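Chemist: Data file my_file-v4.pdb (PDB, C-alpha atoms (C1' of nucleotides)) is appended below.
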MODEL        1
ATOM      1  CA  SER A   5     -58.142 -29.499 -41.398
ATOM      2  CA  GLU A   6     -54.861 -28.015 -42.627
ATOM      3  CA  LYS A   7     -56.156 -24.803 -41.026
ATOM      4  CA  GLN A   8     -57.046 -26.904 -37.940
ATOM      5  CA  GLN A   9     -53.584 -28.500 -37.359
ATOM      6  CA  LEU A  10     -52.079 -25.015 -37.748
ATOM      7  CA  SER A  11     -54.310 -23.226 -35.199
ATOM      8  CA  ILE A  12     -53.339 -26.113 -32.801
ATOM      9  CA  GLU A  13     -49.613 -25.612 -33.540
ATOM     10  CA  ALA A  14     -50.025 -21.834 -32.938
ATOM     11  CA  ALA A  15     -51.896 -22.515 -29.653
ATOM     12  CA  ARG A  16     -49.262 -24.917 -28.199
ATOM     13  CA  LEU A  17     -46.480 -22.408 -29.088
ATOM     14  CA  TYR A  18     -48.433 -19.566 -27.464
ATOM     15  CA  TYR A  19     -49.768 -21.228 -24.282
ATOM     16  CA  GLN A  20     -47.278 -24.126 -23.645
ATOM     17  CA  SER A  21     -44.008 -22.689 -25.022
ATOM     18  CA  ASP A  22     -44.670 -19.002 -24.096
ATOM     19  CA  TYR A  23     -44.003 -17.657 -27.627
ATOM     20  CA  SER A  24     -45.265 -14.216 -28.672
ATOM     21  CA  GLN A  25     -47.471 -14.006 -31.780
ATOM     22  CA  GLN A  26     -44.564 -12.409 -33.746
ATOM     23  CA  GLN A  27     -42.185 -15.251 -32.718
ATOM     24  CA  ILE A  28     -44.914 -17.669 -33.960
ATOM     25  CA  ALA A  29     -45.410 -15.635 -37.237
ATOM     26  CA  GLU A  30     -41.637 -16.061 -38.041
ATOM     27  CA  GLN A  31     -41.514 -19.733 -36.900
ATOM     28  CA  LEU A  32     -44.454 -20.668 -39.201
ATOM     29  CA  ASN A  33     -43.675 -18.140 -41.966
ATOM     30  CA  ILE A  34     -47.085 -16.308 -41.775
ATOM     31  CA  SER A  35     -48.243 -12.824 -40.685
ATOM     32  CA  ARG A  36     -48.910 -11.715 -37.047
ATOM     33  CA  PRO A  37     -52.555 -10.876 -37.977
ATOM     34  CA  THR A  38     -52.936 -14.464 -39.245
ATOM     35  CA  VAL A  39     -51.564 -15.724 -35.867
ATOM     36  CA  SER A  40     -54.210 -13.568 -34.018
ATOM     37  CA  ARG A  41     -57.032 -15.018 -36.214
ATOM     38  CA  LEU A  42     -55.884 -18.660 -35.752
ATOM     39  CA  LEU A  43     -55.592 -18.131 -31.966
ATOM     40  CA  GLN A  44     -59.251 -16.928 -31.956
ATOM     41  CA  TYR A  45     -60.196 -19.977 -34.129
ATOM     42  CA  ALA A  46     -58.474 -22.406 -31.723
ATOM     43  CA  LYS A  47     -60.598 -21.019 -28.817
ATOM     44  CA  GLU A  48     -63.749 -21.090 -31.006
ATOM     45  CA  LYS A  49     -63.290 -24.827 -31.883
ATOM     46  CA  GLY A  50     -62.341 -25.452 -28.207
ATOM     47  CA  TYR A  51     -58.760 -26.576 -29.126
ATOM     48  CA  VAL A  52     -57.978 -23.968 -26.433
ATOM     49  CA  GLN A  53     -60.135 -24.351 -23.239
ATOM     50  CA  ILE A  54     -60.323 -21.555 -20.588
ATOM     51  CA  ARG A  55     -62.029 -22.323 -17.243
ATOM     52  CA  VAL A  56     -62.284 -19.923 -14.228
ATOM     53  CA  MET A  57     -62.931 -20.453 -10.453
TER
ATOM     54  CA  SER B   1     -55.170 -15.027   5.328
ATOM     55  CA  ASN B   2     -57.798 -12.166   5.266
ATOM     56  CA  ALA B   3     -55.805  -9.613   3.204
ATOM     57  CA  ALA B   4     -54.821 -12.593   0.978
ATOM     58  CA  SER B   5     -58.470 -13.720   0.886
ATOM     59  CA  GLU B   6     -59.348 -10.200  -0.360
ATOM     60  CA  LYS B   7     -56.701 -10.514  -3.130
ATOM     61  CA  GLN B   8     -57.830 -14.084  -4.095
ATOM     62  CA  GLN B   9     -61.490 -12.927  -4.372
ATOM     63  CA  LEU B  10     -60.608  -9.717  -6.280
ATOM     64  CA  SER B  11     -58.384 -11.839  -8.560
ATOM     65  CA  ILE B  12     -61.133 -14.415  -9.304
ATOM     66  CA  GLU B  13     -63.693 -11.660  -9.942
ATOM     67  CA  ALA B  14     -61.288 -10.012 -12.418
ATOM     68  CA  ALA B  15     -60.683 -13.332 -14.195
ATOM     69  CA  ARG B  16     -64.423 -14.064 -14.578
ATOM     70  CA  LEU B  17     -65.085 -10.638 -16.040
ATOM     71  CA  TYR B  18     -62.091 -10.969 -18.407
ATOM     72  CA  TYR B  19     -62.497 -14.555 -19.691
ATOM     73  CA  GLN B  20     -66.327 -15.185 -19.229
ATOM     74  CA  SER B  21     -67.783 -11.705 -19.759
ATOM     75  CA  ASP B  22     -65.191 -10.627 -22.434
ATOM     76  CA  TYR B  23     -64.609  -7.287 -20.571
ATOM     77  CA  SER B  24     -61.607  -5.023 -21.463
ATOM     78  CA  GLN B  25     -59.051  -4.510 -18.646
ATOM     79  CA  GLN B  26     -60.221  -0.827 -18.637
ATOM     80  CA  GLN B  27     -63.890  -1.885 -18.086
ATOM     81  CA  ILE B  28     -62.912  -4.245 -15.247
ATOM     82  CA  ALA B  29     -60.950  -1.411 -13.577
ATOM     83  CA  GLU B  30     -64.049   0.852 -13.675
ATOM     84  CA  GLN B  31     -66.319  -1.805 -12.135
ATOM     85  CA  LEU B  32     -63.913  -2.936  -9.401
ATOM     86  CA  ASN B  33     -62.791   0.685  -8.828
ATOM     87  CA  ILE B  34     -59.018  -0.003  -9.338
ATOM     88  CA  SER B  35     -56.242   1.075 -11.778
ATOM     89  CA  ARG B  36     -56.015  -0.906 -15.081
ATOM     90  CA  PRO B  37     -52.386  -1.853 -14.307
ATOM     91  CA  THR B  38     -53.696  -3.468 -11.080
ATOM     92  CA  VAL B  39     -56.123  -5.519 -13.285
ATOM     93  CA  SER B  40     -53.204  -6.625 -15.504
ATOM     94  CA  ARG B  41     -51.352  -7.815 -12.374
ATOM     95  CA  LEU B  42     -54.454  -9.524 -10.887
ATOM     96  CA  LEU B  43     -55.122 -11.481 -14.111
ATOM     97  CA  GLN B  44     -51.509 -12.753 -14.069
ATOM     98  CA  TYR B  45     -51.848 -13.580 -10.309
ATOM     99  CA  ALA B  46     -54.959 -15.625 -11.233
ATOM    100  CA  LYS B  47     -53.054 -17.662 -13.828
ATOM    101  CA  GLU B  48     -50.113 -18.164 -11.411
ATOM    102  CA  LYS B  49     -52.479 -19.518  -8.641
ATOM    103  CA  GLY B  50     -54.602 -21.698 -11.013
ATOM    104  CA  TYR B  51     -57.726 -19.560 -10.505
ATOM    105  CA  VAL B  52     -57.609 -19.486 -14.343
ATOM    106  CA  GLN B  53     -56.584 -22.662 -16.238
ATOM    107  CA  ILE B  54     -55.762 -22.694 -19.983
ATOM    108  CA  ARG B  55     -55.386 -26.111 -21.617
ATOM    109  CA  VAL B  56     -54.623 -26.914 -25.295
ATOM    110  CA  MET B  57     -56.180 -30.171 -26.616
TER
ATOM    111  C1'  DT C   1     -54.392 -13.390 -46.717
ATOM    112  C1'  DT C   2     -51.593  -8.792 -45.290
ATOM    113  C1'  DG C   3     -50.013  -3.704 -44.555
ATOM    114  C1'  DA C   4     -51.743   0.033 -42.119
ATOM    115  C1'  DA C   5     -54.308   1.879 -38.437
ATOM    116  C1'  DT C   6     -56.166   1.530 -34.090
ATOM    117  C1'  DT C   7     -56.880  -0.234 -29.399
ATOM    118  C1'  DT C   8     -55.581  -2.946 -25.637
ATOM    119  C1'  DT C   9     -51.887  -4.622 -22.608
ATOM    120  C1'  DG C  10     -47.587  -4.935 -19.850
ATOM    121  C1'  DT C  11     -43.952  -2.722 -17.956
ATOM    122  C1'  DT C  12     -40.844   1.132 -15.665
ATOM    123  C1'  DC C  13     -40.819   4.710 -12.700
ATOM    124  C1'  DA C  14     -41.670   7.241  -8.572
ATOM    125  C1'  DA C  15     -44.363   7.236  -4.729
TER
ATOM    126  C1'  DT D   1     -47.873  -2.124  -3.591
ATOM    127  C1'  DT D   2     -50.360   1.169  -6.626
ATOM    128  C1'  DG D   3     -51.357   4.283 -10.546
ATOM    129  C1'  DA D   4     -49.283   7.263 -14.422
ATOM    130  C1'  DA D   5     -47.274   7.172 -18.609
ATOM    131  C1'  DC D   6     -45.603   5.165 -22.687
ATOM    132  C1'  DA D   7     -43.643   1.498 -25.797
ATOM    133  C1'  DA D   8     -45.088  -2.207 -27.745
ATOM    134  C1'  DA D   9     -48.194  -6.424 -28.455
ATOM    135  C1'  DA D  10     -52.508  -7.616 -30.273
ATOM    136  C1'  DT D  11     -56.559  -6.698 -32.928
ATOM    137  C1'  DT D  12     -59.307  -4.687 -36.511
ATOM    138  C1'  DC D  13     -59.948  -2.811 -41.022
ATOM    139  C1'  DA D  14     -59.639  -2.150 -45.843
ATOM    140  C1'  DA D  15     -58.117  -4.000 -49.917
TER
ENDMDL
END
What would you get if you wrote out this structure as structure tokens?
Modeler:
Amino acid sequence: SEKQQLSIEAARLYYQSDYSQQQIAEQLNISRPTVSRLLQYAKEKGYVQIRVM
Amino acid sequence: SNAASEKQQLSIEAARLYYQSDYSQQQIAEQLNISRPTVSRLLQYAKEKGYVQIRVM
DNA sequence: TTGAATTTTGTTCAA
DNA sequence: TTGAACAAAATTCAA
């Protein structure tokens, strides 16, 4: 749940505020590989939803 | 729009393969017989037009 | 988790 | 507008 709020924070920064993973790494004081892994986790828990026509 | 309709269709097919089928941009290029850079551009075109929609929470 | 290695993506250039 | 080439962004691996 600490993990959860963080994946959400990473996701908003990435998809709503157009940040790169590195920008998000610095802004949250964590590694780029951790950003990658959270971004996958956000999509897994459906915090990030992708729908196609 | 008939050249546009071609682009829309090609765009939507690229997006499905990418986001539903988990294909690499390279794989999509093979299947649709187009350059990988063209795929990169089509995927962006699909997001711009709302063919793909990404929502957080 | 992260530092290193590897693979995938986006962009510039010339056409 | 498209594909070639390459720098760099993202992902995977090993620890």
Chemist: Got a sec to resolve the PyMOL selection byres ((chain C) within 12 of (chain A)) on this structure and send the residues as a PyMOL selection string?
Modeler: chain C and resi 1-4
Chemist: Mind giving me the straight-line distance from CA of residue 55 (chain A) to CA of residue 14 (chain B) in Å, one decimal?
Modeler: 13.2 Å
Chemist: Which residues of chain D are close to chain B, meaning at most 10 Å apart when you count all atoms listed in the file, and how do they look as JSON, numbers by chain?
Modeler: {"D": [1, 2, 3, 4]}
Chemist: Hey, can you spit out that residue selection with C-alpha atoms (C1' of nucleotides) as a PDB file, in the frame of the given file?
Modeler:
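Output contents, as saved in result.pdb:
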ATOM      1  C1'  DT D   1     -47.873  -2.124  -3.591  1.00  0.00           C
ATOM      2  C1'  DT D   2     -50.360   1.169  -6.626  1.00  0.00           C
ATOM      3  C1'  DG D   3     -51.357   4.283 -10.546  1.00  0.00           C
ATOM      4  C1'  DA D   4     -49.283   7.263 -14.422  1.00  0.00           C
TER       5       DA D   4
END
Chemist: Given all atoms listed in the file as the basis, pick out the residue of A:25, A:9, A:31, A:40 nearest to chain B.
Modeler: A:9
Chemist: Pick out the chain C residues within 10 Å of chain B. Count only C-alpha atoms (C1' of nucleotides). Give them as a PyMOL selection string.
Modeler: chain C and resi 8-11
Chemist: Which neighbours of residue 8 (chain B) fall inside 9 Å, counting all atoms listed in the file, when residues of the same chain fewer than 2 positions from it are skipped, and could you give them as a VMD selection string?
Modeler: chain B and resid 3 to 6 10 to 13 42 45 to 46 49 51
Chemist: Output the selection as a JSON list (two decimals), in the frame of the given file - C-alpha atoms for each residue.
Modeler:
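Below is the file that was written, out_33.json:
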[["chain", "number", "residue", "atom", "x", "y", "z"],
["B", 3, "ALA", "CA", -55.80, -9.61, 3.20],
["B", 4, "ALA", "CA", -54.82, -12.59, 0.98],
["B", 5, "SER", "CA", -58.47, -13.72, 0.89],
["B", 6, "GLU", "CA", -59.35, -10.20, -0.36],
["B", 10, "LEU", "CA", -60.61, -9.72, -6.28],
["B", 11, "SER", "CA", -58.38, -11.84, -8.56],
["B", 12, "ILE", "CA", -61.13, -14.42, -9.30],
["B", 13, "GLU", "CA", -63.69, -11.66, -9.94],
["B", 42, "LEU", "CA", -54.45, -9.52, -10.89],
["B", 45, "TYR", "CA", -51.85, -13.58, -10.31],
["B", 46, "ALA", "CA", -54.96, -15.62, -11.23],
["B", 49, "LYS", "CA", -52.48, -19.52, -8.64],
["B", 51, "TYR", "CA", -57.73, -19.56, -10.50]]
Chemist: Residues of chain A were defined as contacting chain B if any atom lay at most 9 Å from it, counting all atoms listed in the file; please report them as a list in words.
Modeler: residues 12, 15, 16, 19, 20, 46, 50, 51, 52, 53, 54, 55, 56 and 57 of chain A
Chemist: Mind pulling up the distance from CA of residue 23 (chain A) to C1' of residue 8 (chain D)?
Modeler: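 Straight-line distance from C1' of residue 8 (chain D) to CA of residue 23 (chain A) works out to 15.5 Å.
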Chemist: What does the PyMOL selection byres ((chain D) within 12 of (chain A)) select in this file, as a list in words?
Modeler: residues 8, 9, 10, 11, 12 and 13 of chain D
Chemist: So how many Å separate CA of residue 30 (chain A) and CA of residue 7 (chain A), to one decimal?
Modeler: 17.2 Å
Chemist: Extending 5 Å beyond the listed atoms of region 1-5 of chain C on each side, what axis-aligned box results? I want centre and edge lengths in Å to one decimal, as JSON.
Modeler:
{"center_x": -52.2, "center_y": -5.8, "center_z": -42.6, "size_x": 14.4, "size_y": 25.3, "size_z": 18.3}
